[PDB]
Structure formats: structure tokens, C-alpha cells
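All remarks here apply to the structure that follows.
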Amino acid sequence: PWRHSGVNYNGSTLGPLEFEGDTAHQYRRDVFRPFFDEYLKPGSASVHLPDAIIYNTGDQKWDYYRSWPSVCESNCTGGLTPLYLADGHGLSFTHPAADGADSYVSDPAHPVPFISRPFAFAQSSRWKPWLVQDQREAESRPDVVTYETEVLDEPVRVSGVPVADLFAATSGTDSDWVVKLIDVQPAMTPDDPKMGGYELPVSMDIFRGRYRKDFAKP
Amino acid sequence: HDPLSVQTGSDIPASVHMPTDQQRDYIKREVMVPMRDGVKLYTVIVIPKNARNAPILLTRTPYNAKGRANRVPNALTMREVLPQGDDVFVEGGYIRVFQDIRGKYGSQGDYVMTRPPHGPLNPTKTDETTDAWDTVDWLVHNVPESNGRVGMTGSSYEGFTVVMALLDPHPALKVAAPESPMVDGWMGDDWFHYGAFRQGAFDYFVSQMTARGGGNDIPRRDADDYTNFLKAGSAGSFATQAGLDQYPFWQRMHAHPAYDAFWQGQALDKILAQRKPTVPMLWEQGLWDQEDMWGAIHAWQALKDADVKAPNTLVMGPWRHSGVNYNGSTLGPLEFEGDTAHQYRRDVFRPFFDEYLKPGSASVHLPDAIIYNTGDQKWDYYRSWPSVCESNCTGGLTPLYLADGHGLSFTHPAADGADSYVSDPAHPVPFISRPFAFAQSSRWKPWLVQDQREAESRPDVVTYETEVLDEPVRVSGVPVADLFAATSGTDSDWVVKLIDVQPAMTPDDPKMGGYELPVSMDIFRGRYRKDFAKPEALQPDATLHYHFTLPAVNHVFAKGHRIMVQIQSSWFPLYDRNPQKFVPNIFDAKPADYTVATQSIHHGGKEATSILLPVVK
Amino acid sequence: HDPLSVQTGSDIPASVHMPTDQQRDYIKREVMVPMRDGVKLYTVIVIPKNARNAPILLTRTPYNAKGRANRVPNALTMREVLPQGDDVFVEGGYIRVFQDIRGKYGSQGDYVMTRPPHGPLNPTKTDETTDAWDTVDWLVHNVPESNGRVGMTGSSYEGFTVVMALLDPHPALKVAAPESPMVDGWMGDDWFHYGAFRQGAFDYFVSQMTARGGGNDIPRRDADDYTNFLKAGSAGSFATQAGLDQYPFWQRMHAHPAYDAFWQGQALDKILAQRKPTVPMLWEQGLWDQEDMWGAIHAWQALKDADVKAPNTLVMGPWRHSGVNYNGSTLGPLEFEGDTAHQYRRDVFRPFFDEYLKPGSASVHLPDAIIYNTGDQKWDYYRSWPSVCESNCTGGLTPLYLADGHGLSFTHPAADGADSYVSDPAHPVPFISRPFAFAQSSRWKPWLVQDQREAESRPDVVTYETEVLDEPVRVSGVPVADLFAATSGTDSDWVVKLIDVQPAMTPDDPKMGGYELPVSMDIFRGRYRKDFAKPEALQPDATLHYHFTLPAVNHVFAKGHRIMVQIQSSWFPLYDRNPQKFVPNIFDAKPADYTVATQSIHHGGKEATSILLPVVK
Ligand SMILES: N[C@@H](C(=O)O)c1ccccc1
């Protein structure tokens, strides 16, 4: 649960998020070091690492996966589960039979700030944890379409690489597509009030439309 | 059984009498002062130990008079027992009186939210004026340690009472100083701002009206009030869900969405001017008064217009609402030259009050208005103010026009043009960064000085700016929004902001680099363009002319800065969203009512939008 | 007249029907549960909406039950309305019950500070044990959504009511988990620590005993309590000036400064052991518990010795007092591996309770003690704990002797020597940096983890230390202070501190460099050397043997660190100053009684001062 190069520092927190102990040190001492020791300090105890050792940002613990990922698009044990966008600005695992579309106006004269203004690239203090920043500002904008599921009854578990299956049209001849997978915190978090309703992005990325068919030939 | 070991009774004393009380430097007197109609009011008299003929400082409050005089509960010294703002009056040996208004906390009788003065709205033989009058009468005949002289003061509702008292004061009331008073709750004070509803009220309602004494807030689902109010829908939808529908005042408010007879009968600025008070007055309000921006300035001027034969000075510092009674050395990221609040309280407030409350004290001669210059960072003493205005002033206003290329210019642009922006009610512009809950006093208080860069970055907001200044522009007075806006819908809200863009870089204070600091901004509900009393639908796609006053300025746009004007059509969640479709009552707007509209602000030509700036030399 | 315009009544509604309640996911039942003596007790019952066969988690408190179940007043969710430490039980769907103890707030009857159990000290037909019995009895017969099973818990006074309940529980009480419970107020819990009085008590008295419900604090003269108490002189003199002389409990305490029959009749740890109970218990207390360090560990141990035939697990995390019901990730500058508090609640607390309250739940097999290792930074599950102690343990304690050159050695120094320091009562050592007021909760809470470097710099504090460790030293158990000290006066206090000196440099966290973190420290009142019940004057200049237990440890002194021992004779203003001259009752010490003394701590030889460390492998 670290930011870039976060492994070589402290891993207890990232932005407003809080994790279980120094996750960075944890790895350095329990996995990194012993692993290196095996091959570098002859006579050392050998380690048997799995495919992936990943921290769970939901369960708040380390997950040891013998074979990861277990689900994916091609060749994995299982397949990905499509979370469909639906009318009413919602999300459902049940493919909406009816056709539909929601629109927004992307005005380049007023581009969406990736993080609250004002930001200068020199502000490392702001650049480092920008990926866990609250996505509520964007939501309040008319140039950002947003969809959400109903307050979860039972937890939904995810592990692997999410894929954006997006069917979008632009009135222009080019366009960038930013997709953000977000975990909205509970409406109210009495133990830590500031987190109440916090729109925390677990995964997001941008895609330049001009490379839709060939990254090599725009 | 030996009582020193075995206890059968209760470890709680049956009656206390702690020596802590003899170690004090004051005396607290509690008394149910009876009003003419037989209703008694809870009154706290804080008398400095060994007080021979001391003036009384009276304050009537709906905010628990006991606690008001208990900054530090049962403090050993008066200075700690009384609020921060009483420091000069404590230093001067004044007697302090805090009274629970009729209906609240310790007092008896019925409580009526900002009880309208005796008239069409209040036919009873009692009001906030008589009660004040009676109290003063009782106070001068029941405090031997006092000198029979009474002064009145207080902020917000505690100032609203000073005004109500000024309508028909008691001979004893020698001097009054209303601070950020609740004068016109519709025009631009606490409830509405030019017809636009302030959703912060709902809480206050359930807070001050659920019970005689302390109450509670409205339980929220989400931590962000932006979400709370939007997910609810219309302002009335919230009130209903909060059960406010069962609160008498809300019912009255909801019944009168326009500036009808109900609200006009409470316009204390006009009513006070009709009575022509003869008692010396010291009107105070903050330049960034986020709660009662209309009150003081309007009352002072309305009296100035009626030619009152009495001291009538207006004081405006670099403070937020009620900021005068605390420390005024800073507000938000802004920094001023010293504790401006204490500054005024010691060098003006006190001396002025001393003149009429302490026989023999030096006499002061305050100018029309003493205002803090947020540009030069110094106190300005204006003999006549303002010098520049629309009509009846020495000189007129200087229009700063909107021009092509989203620029601002003092020269009337001949080229006719327009700039459009889509206002989607589904995504209203956050008045301050998200998330925000009305309960966040911390965030609320200085919201008026926050950076406007976030808003600027949105496509549903239009921004205009002058070039980087090469010569400073001095403004002192009330700027006017000369708006020529057009909307696709049949209704709209118009937020106009006058901003001072800080230097692109401020190496002494990096954080302020290119900071968009609003010196004056307000909202205007389009349906009231023609008449506040008679709301009327706007003609779709038609360029309509709006003309309204923005909060007063006493600022300087220094070199390196820029003047900036910002226009938008929402301000969530402070103001309820205008459905952009004309409806009989916006409080009862339905999901289908809220319509996405296209706004176009016309610049240049005959319909040239601009800010009529009070430019001075 | 038109009502929607004119109000003649009160804007305050007669009743209210807030629809917020319908949105809530729980219901609150307020019941006046009647005890066996006719006295009824206020009882807030929080029931999860649509509950069936739900266990009841009960807490009896002298701290306003209504407010206890109102973390977020009238919250829409139970998780919000209940305290942080209820999280695991709210998630489990437990019925939460908070009851006002007899004599407090909503409850009827008389209040008796920590009402002594039935016996010589309390002859009446009732007590906190019966009230609990009566309460549980009612609960299991009037809460239809409950399965009849009840678990009792609470911290501090709220944990004290749990212990009282365990003296003679109702058959429905299936499990108890006292948290940092008030067990022996004289020995080392809340009032005294080995006879030394804690001046924090005075505020507590006036605050918790002035009235049935809420009370207030004692008005101070100075903002610094170090000054406040020093100026007043003796603790009793302060109490007198504060006006505590009229409170029955204070009188009884003042009349029993020694460990006489009055306090021995309250020693719940010994009393509970005499009763041989059979209810599964899970004792908890913080390793750095600054309010009730004696309680849990002693009561738990007493039972273990009494060969109790029921689950008896002790839990000690890296928390401050009552820190178990909050977030336990940090403590002052210290940082632990994740929320240690939450960890325990989810992984141990609830599962344990689930076993006996939710039939069909898996059975947990807790060891003797689950202590958090403050050195390794991980939870330790000790099957048999401690493994080392003075009498009847697998192994004994290893002494860390005081040596010459102000060092600490594990090797018994043959050379006889002594280091002396002057203890001037007019300049007592601040238990934490000045200024400090008892009202400063933010400073009080984590005072036991503060840097001891300040003390070290004082000419009235002897500091000893090992050489920077090349091998880590693991300690797990209860360290004993084997003190051979000598004072020139006829009385004296002895403060012994066991400190872990951080590495001289900590590049990853620069502020921890050379930090002197106290893992365990306490104070002993000299006059009680021979007998806690019979105070005796000390012989001037005589090397006397003091032997008392220090707070339990489960730490590890790693490479780079040093073990440190600090000894002083005062701890102001937490502990009233010892006059250093034997007086019949230190509470009533007169100005002249206070005498400057010369303390001499002997090291090595036959009288080798040391800390009997519980060193393990
Ligand atoms: N342990 C807390 C408590 O029980 O709340 C306390 C008791 C007595 C005096 C001061 C504090």
C-alpha cells in the first residue's frame, strides 16, 4: 500500500489512509532481506515465495497468492466479472438489457485538475500521495460523469488487473478517456470523521483515444 | 457506625458553599427581571468587586445568558468569566449584564424567532423593544453599584436585540453599538441573500427552537453536506425529512418565499430609519462577514439618509462574522497589521462608550465610517463615506467592463460579445471545497476569503481578469453588479465575485502565489430581477439586465495583482439550487423541475456587463 | 389574524415526531429498572432494528448513561451512536445496554464514591453487586429481542462496576471483561500509589460528587497546576481552599491516609479472590495505563493464585488508560504495528464473548496472558505467564545492579558505594514538562511515555545506564525495585524509573534519537516501608531497604539501546510533596514541616540497589 518508491521508507500511512504497521518495513524484513540472504549469504535458510505477495487494501493485511491472478481475461483459472454501468448513474453486475447513454462536456479551456488547485510539479509533498486523493471535487464537476453502486450489503472482493470495457463517443476527432475505479467509504465514519463518504480511488488511468486501434499508428 | 468510615447517606453534599466564591474579584447576581406583561426574564449581573457607580453593559441573548457570562465557568477573575470581547469593558470596570431573551433558556414566555416589532406581525403588548426597555428600567433601579447608565451591545442575534431596542429605547440607554446585527434576514442577512435561501438555517432552526433551552442538530446520513442536500433534492425536501415541517417558524418562512409583507415587516434598517433614533450608534460588521453582511452597513446608511441627529459611525474591519469580539490579527491565509479586533475595541469602541457611560470621560468625534483597508493594511478614517456611489455622492462609480478574451477593462468595449457556460443543477459548484458539513464551523467561519481557483477551473463558471497591474487601483465603497446575463431556462441564480488576484509569485509567502482572493461577492435570484415582492419568470435565451449591490470594499489592487470577476449560477451547499425552471416555490422543487441551462454573460456594447467599482484616489 | 404570517404562540413545538427515527437502523429504550430496595435505575437499551436472540453487552456507569450511548447524538446508525470500543459488538448485532449507577444522573438513590461491597464498610441491603444482579435479572426478563445471555464490560469506574458484579453475579451474566478497573485505590490504582497521594483526585471529587448529575471543576488561580498546588502547600490545604472540606468522601479519605481497614475493605482484587467466582473473565489494562495500573493485573493474578476454576486471561496492549476502546496505533511519539486496540477487540475480545453469549459460536482457548511486545512490536500469547517472578515461577528475576560511574551492571558489584542527590521540596520535579494543569487531558493521557531526558538533567535525580547494548535484553514480567536508599530526613518518597534509552541516532525518525522512554516506573511513600497500614518515621541517614513491584513489562532492549534507571524523591504536581519530615498525616502538612533532604542511593555490596528485572529467553 505504498506510493512510488514507498518501499524504501515508511509504509504505515499514505495520505489520509492508515495501514497495519510499517508495511514497507514489514516487507523489507520478512521477505526482501531473507530472500536476498538465501542467494547471497550461503548457508542461509531458503524462502519459498508464491507468485505474488500483495497487501490487501481492503482486508488490511498481506495476501500470499501461490498462483496470481486467479481471474483474468485469458488463461486464468476464472474470468473477470463485468460491473456494468447503468441508467440512473448506477452500477450493477446485471447487464442492462436496455440501451442508454450519459453525456458530459469536456472543455479544454477548463480542464479537470488531477488534484486540487493550486498544484505545482515542484510540490513533492502533494505529488507523492496524489493517487489516494479524494475524488469528490471531480464528482461535483459538470465535466465528469460518475456512476456508483448502492451501499453494499455484502463485501465485494477483488484481486487482479481490472479492465476498462468502455463504449464512448466524442463529438470531436480525438479524446482522452480517464476511468476511475473508486471505493466510496461509508457515509459516516464516526471513529475517523474525515473519511466519511471519502471517494477513494483504488485504481485509475488515462487513455488517449487516438491510439484506440494501434498504439503505433495514431 | 463511625461516619468517618461507614457511609450510609450520600457522598453528594446536600448544600454547597465553596470558598472559591470569596477568592473572586467580582460578584455574580442572578435575577428574574419581570417584564411589563408579567413574564420574568433570566438576567445575570456581573459586578466587579468594590464597584462604586459603574456603567452597565447590557446584552440580550437567545444563546444561554448564563454560559455567555461563563467563558471560564465560575472563574476566579472576571476577565476569564466574561467573553474575550468584554476585555476593554472589564478593564474599564463596567458592570456586565447578559439577559436571556423572552422564551429562551432561563427566561419565561413564548419564543418567537426574531420576534417582529409591535405591528401587523406582532399585535401583542410586548416585543423585543419593550422587554429591552423594561430590563434597562429594572437595571437602573436595582443595581446600587451601578451609576444608572446603560450601554447596549452584541453580535448577530445579540446585536439584533440592540437594534430592536433602538426602535424605542429607555432614557437610561445612553449609547448603543450593534455588532453584525440581524437586520434584513431576506435581503442579505441570515436566511436569504437576494431571495436565495441559505440551507445553513435548517440546523439553526432545530438548534434554537426544538426546546426552550439547548437542543441538538439534524442527524446527517453522509458526512458531506454537499451530498446530504443534493441527494435530498429541494430545500423543502430536507426540512421535511428533518421533521422541520412541524416547526412553526419554518412554516412561516416556507409560506413566504418572496420578499412579501412578512419579510418587509422585519426589515429593521427601514423600520429603524422611520423611528429616527436619537441614541449614539456604533454600527459594526466584518468586511468578510459570512453571516450578516447586510445588517450594519444598511442600517447605518439608512439612518444617515434620514439625517439622524446623533452619532452614527460605521466600523468595518478585516473580520469574519462576530470576529470583532475575538482576535483579528488573521483571517484564513490572510494576515493583517495586528489584532485589528482588539485595536478597534480599545481605541474606538470603549472611548466612544465611555463618553456617554462614564460622566467626565473625554469626548470623541468619530467620522462617518472607520474602515480597514485590506489593500494598504491600515485603518481608514473617512469623514464622509462613501465618496463615490451611484446617486447623491460627491462622485460616481467607475465601471470595470468585461471584454473579449475573458479580460476586464476600464474602457467601454465597443465590440458586442457574449460568453456562455452550462449550469447543470445536478453538479452545482461547491461554495467551498468538498467535503463540507454545515457543522464544520472551522471551515465555515473564513469561507469568504478562500481561494477561487477551484471554481475558476470548472467549465460551469466564467472568469474575467485585467492585465497585471502597473498602477494600483484604489476602491472604497459599495461595488455594483451591472449584470447583463441570459439563461436558457425560465429562472436562474447569478453569483458575481469581485476578486483580487495576488501576484503570480509571492516569494515571501509562496502559498499566496496567484491566489484568487475574493474581496466582495454575492448571489442574486433571477426571478426577483423586476421585484423582490413579485417573483416572475425569465424569458428563455433573452439577455436580461440585473443590478445589485455587492459587499462594501475598502481595498487596493496593488501592482502585480489583477482584478478578477467571476460568474456562476450555483453555490452549493450554502444556497439551495435554483431549478433553472420557474416554479411557484423553489422550496418545493421536484426532480423534474431542475433543468440544465445555458448561461451567456453579455460583455461590451449597449448590454455591457461590468462591476461598478467605487474607484477613488 | 393569519397564522402563517402572525405568531402569538411559541415557535417551539409542543412535541416532536422527527422522521429521522424511522431512518435509524436501531431503537433506543429508556427504562427505570427497579432495584431490590425499591430504587429505580436509568437504563439505556440500544437494540439493533429487527433484533432476535441477541446477546446483551452491559455497562454500568457513573458517567451519564444517556450520553454514553450518544457518541453522535441521535445518530442515524448504531455504529455512530455507540462508543468507538463497541465497534466489534455493533457489527455482531449485540444489544447495547448502558445504565446509570445508583445515585448518578438519571438513576435514583444515594451516591457513594466507589460504594464499598456489603460488609463492615457497607451494612445496607444493597451494593453495586446486587444492583448489577437486579439489573441483569430485569434485562433477561424484559428485553424480548435478547437471548437472555449477558456479558459485562467497561473501562475504569465502568470496569469497577464489572468487578463488583463478579463478586456475586446473576446466573445470566455469562462472561465479564473488566477494562483497566478501579480495584485498589490506595495500593496503586486511582487515589494513592503505594501511599503517595495523587492530586488529580480533587477535581474528580468536585466534578463527580457536587451534584447527582453533571458537576464542574475547581476554579484555578494559575494556568499551571505545578504552581497552583505548590503555592497552596499541602494537598489538604488545596482541598480546603477548593472547598472540598464539605464532601463526605474526601472527609473519609482525609481520615484514612494509610492502608487501614477502610481501604483494605475495598481491595476488590483480594475480595474477589475470597469469593472463588466461576464466570469467564478477560482482564485488560494498558501497559502504559496512567490511571488504573494496579487493577486488572492484580485482580487477575489474585484469582490465578486462588486457583480460580474458570477462564482467566489477562490482556495488556500498548495503550494508555482506557485506550483499549479507541485506536491503539500510537501513544505520544511512539508508533505501533497497526491499530493494536482494534486488533484485540476483533481478534480476542468479541470472539471470547461470542463463545458464551452467542450459542453455537466457535470456542476460543486463550492463554494466561496476551501481552503486546513493546520491543518486538507484535502480540505475545503466553501460555503460562509470567515465567519469571520472585516466588513460585519456572525461574527467578535477574537483578540489574546500580554500579560506580553511574552505570548499570548485571554483575553484582562487590565494591560498596553510594550516590547522593539533594531533594528540595520547594523545587519538586515536574512529572511532565511545565506548565501542566490537570485539565490538560491531551498531556495527561500519554504522560507515561514522555522523554525522561529533562529529569536526567536535574541535580535532584540520579541517572544510571548500561553501555550501548550489543545484545538485546528481553524482559517479560513484573520488575521489582530492590531499593537501598537513605534520606537525611524522617520521611521520603522514592520514585524508581525503568527506562529504555533509544539509540543515540535514529535517522528514520530523528526525534527519537537518545529518547529516554520509560517502560515502567512508579513511586513509593517511604513512611510505609515496614507496614502500609502503620506508617513509621525513617531514621535520618540510615540505609533502608525498600522492595516494591513496578508496572509490568513485556519489552525488549535491542542493540543500540541502553537500560536506564532513574531515581528521584518527587513527582509534582501529580503526587503531593513529601515533607521529608515525618508528620502524622501528610495531607495536613504545614509550611514549616517541609524540609530539604539529602537522599543517598547505595549501590553494590550487601545493600546493592537494583531492579529485579524479569529477564526471559
Ligand atoms: N480512572 C478514572 C475513572 O474511573 O474515570 C478516574 C477515577 C478517579 C479519579 C480520576 C480518574
Checking C:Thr129 against (1) over 23 Å from B:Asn216 (Cα atoms); (2) buried (at least 24 other Cβ atoms within 10 Å of the Cβ), only one condition comes out false. Which one?
(2)
Among the strands (runs of 3 or more DSSP E) confined wholly to the stretch C:410-515, which include 1 or more residues that are under 26 Å from the mean Cα position of the chain (by Cα)?
C:473-477, C:480-487, C:493-501
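Quick one: would you say C:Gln241 is facing another protein chain (nearest Cβ under 7 Å), more than 17 Å from C:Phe438 (Cα to Cα), more than 13 Å from the ligand (Cβ to nearest atom) and without any contact (Cβ under 8 Å) to a residue 12 or more places away in the chain? Steps first, answer last, please.
Values: facing another protein chain (nearest Cβ under 7 Å): yes; more than 17 Å from C:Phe438 (Cα to Cα): no; more than 13 Å from the ligand (Cβ to nearest atom): yes; without any contact (Cβ under 8 Å) to a residue 12 or more places away in the chain: yes.
The answer is no for C:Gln241.
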Please enumerate the residues belonging to the stretch C:182-216 that are near the ligand (Cβ under 9 Å from one of its atoms) and touching a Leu at 6+ places or on another chain (Cβ under 9 Å).
C:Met182, C:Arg198, C:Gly200, C:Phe205
Only listed residue being within 14 Å of another protein chain (Cβ to nearest Cβ) and more than 29 Å from A:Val7 (Cβ to Cβ), chosen from A:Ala98, A:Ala109, A:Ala86, A:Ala120:
A:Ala109
Is at least one residue of the stretch C:83-94 more than 22 Å from C:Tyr42 (Cα to Cα), more than 16 Å from the ligand (Cβ to nearest atom) and in a loop (DSSP other than H, G, I, E, B)?
yes
Counted residues in the stretch B:486-522 being under 15 Å from B:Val449 (Cα atoms) and aromatic (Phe, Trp, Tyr) come to 1
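Mind checking which residues of the stretch C:328-375 are in a strand (DSSP E or B) and either within 12 Å of another protein chain (Cβ to nearest Cβ) or within 26 Å of A:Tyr27 (Cα to Cα) (or both)?
Selection gives C:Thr330, C:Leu331, C:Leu334, C:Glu335, C:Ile370, C:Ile371, C:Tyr372, C:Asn373.
Does any residue of the stretch B:10-33 turn out to be hydrophobic (A, V, I, L, M, F, W, C), touching a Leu at 6+ places or on another chain (Cβ under 6 Å) and in the same structural domain as B:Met164 (by CATH)?
We begin by selecting, within the stretch B:10-33, every residue hydrophobic (A, V, I, L, M, F, W, C); these are B:12, B:14, B:16, B:18, B:27, B:31-33.
Remaining after also requiring touching a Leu at 6+ places or on another chain (Cβ under 6 Å): B:33.
Of the ones still in play, those that are also in the same structural domain as B:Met164 (by CATH) are B:33.
For the stretch B:10-33, residues hydrophobic (A, V, I, L, M, F, W, C), touching a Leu at 6+ places or on another chain (Cβ under 6 Å) and in the same structural domain as B:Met164 (by CATH): present.
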Filter the stretch C:133-161 for residues that are within 16 Å of the ligand (Cβ to nearest atom) and either within 14 Å of another protein chain (Cβ to nearest Cβ) or without any contact (Cβ under 8 Å) to a residue 60 or more places away in the chain (or both) and give the result.
C:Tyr157
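Can you tell me which residue within the stretch B:551-602, out of those that are charged (D, E, K, R) and touching a strand residue (DSSP E or B) at 6+ places or on another chain (Cβ under 7 Å), is surrounded by the fewest Cβ atoms within 10 Å (Cβ to Cβ)?
Of all residues in the stretch B:551-602, those charged (D, E, K, R) come to B:559, B:562, B:576-577, B:581, B:588, B:590, B:593.
Checking the rest, the ones that are also touching a strand residue (DSSP E or B) at 6+ places or on another chain (Cβ under 7 Å) come to B:562, B:576.
Numbers: B:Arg562: 21, B:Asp576: 26.
Out of the qualifying residues, it is B:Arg562.
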Among the residues listed as C:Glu80, C:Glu91, the single one being assigned by CATH to the domain that holds C:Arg345, within 29 Å of the chain's Cα centre (by Cα) and crowded, with 22+ Cβ neighbours inside 10 Å
C:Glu80
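Kindly indicate the residue of the stretch B:9-38 that is within 14 Å of chain C (Cβ to nearest Cβ) and in contact with a strand residue (DSSP E or B) (Cβ under 8 Å, 6 or more places away or on another chain) and also surrounded by the most Cβ atoms within 10 Å (Cβ to Cβ) among those meeting that condition.
B:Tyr26
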Under 29 Å from C:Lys104 (Cβ atoms), at the interface with another protein chain (Cβ under 8 Å from one of its Cβ atoms) and over 31 Å from the mean Cα position of the chain (by Cα) - does that describe any residue in the stretch B:67-75?
no
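What do you reckon, is A:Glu139 within 10 Å of chain B (Cβ to nearest Cβ) and farther than 30 Å from A:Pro218 by Cα? So that I can check it myself, show each step before the final result.
Numbers: within 10 Å of chain B (Cβ to nearest Cβ): yes; farther than 30 Å from A:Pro218 by Cα: yes.
Yes.
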For the list (1) within 14 Å of chain B (Cβ to nearest Cβ); (2) surrounded by fewer than 20 Cβ atoms within 10 Å (Cβ to Cβ); (3) in contact (Cβ under 8 Å) with a residue 40 or more places away in the chain; (4) within 22 Å of the chain's Cα centre (by Cα), I need the number of the one condition that C:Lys304 fails.
(1)
Screening C:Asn216, C:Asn228 for residues that are in contact with a helix residue (DSSP H, G or I) (Cβ under 9 Å, 6 or more places away or on another chain) and under 18 Å from C:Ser570 (Cβ atoms) leaves only C:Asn228
So which of C:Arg60, C:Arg115 is assigned to a loop (DSSP other than H, G, I, E, B), within 16 Å of the ligand (Cβ to nearest atom) and buried (at least 18 other Cβ atoms within 10 Å of the Cβ)?
C:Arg115
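Residues checked against (1) closer than 24 Å to A:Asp143 by Cα; (2) surrounded by 18 or more Cβ atoms within 10 Å (Cβ to Cβ):
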site	(1), (2)
B:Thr394	no, no
B:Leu397	no, yes
B:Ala403	no, yes
B:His406	yes, no
B:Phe410	no, no
B:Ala415	no, no
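What is reported rests on the model, the rules as stated and the sources as named; nothing here is a laboratory result. So basically every Cβ, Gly included, is an ideal-geometry build from the backbone, and we count neighbours across all protein chains shown.
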